[PDB]
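Next up: just one chain, as structure tokens, the form deposited in one PDB entry.
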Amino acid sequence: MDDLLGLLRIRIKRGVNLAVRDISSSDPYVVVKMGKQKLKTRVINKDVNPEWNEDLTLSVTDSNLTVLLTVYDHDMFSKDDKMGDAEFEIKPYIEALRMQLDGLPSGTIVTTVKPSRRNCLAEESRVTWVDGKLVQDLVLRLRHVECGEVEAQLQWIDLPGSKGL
């Protein structure tokens, strides 16, 4: 709390053309990890295009952390099957939050992160001021799997009585 910058709300929106790990479908869920914290979405049954629309909220004490993301196919009576992984840096978003831009029309773009051979972006990721909030939109190409993307949006939670940014 003396350590707390704020909380990172990771809105896991949807999975797109995810890998088949049963016979003709999968039962996917997302897990994220940032340092010691691990959080998961619910399982969506028999859908390789799952609409999770679920928030995973992590505490942040460091500007330079990496979020790891993975998708699994839930099997009730066997080991869950792999559906791929990705990761992303929070530094750009946190740096943007620290630019202290006071509105700032709706839609202005503060930072753009380009897809690269090393990162997991399927398309450029924009940090934008939207509806009175700074957010980052992400489309993650999944690694170690034959197909699949996960769409997410980062939002920030400030807690009064904490270190802050």
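All residue numbers refer to positions in the sequence shown, first residue = 1.
The form deposited with a small molecule bound exists for this protein as well; it is not shown, and the discussion that follows is about that form.
Proximity to the small molecule in the bound PDB entry holds for none of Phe88, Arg126 and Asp137, with the criterion being a heavy atom within 4.5 Å. Taking the partner from elsewhere, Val31 is found to have a heavy atom lying within 4.5 Å of the small molecule in the bound PDB entry. Using a 4.5 Å cutoff between non-hydrogen atoms, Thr41 counts as a contact of the small molecule in the bound PDB entry. In the bound PDB entry, the small molecule sits within 4.5 Å of a heavy atom belonging to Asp80. Contact with the small molecule in the bound PDB entry, defined as any heavy atom within 4.5 Å, is confined among 59-67, 33-41, 103-111, 126-134 to 33-41.
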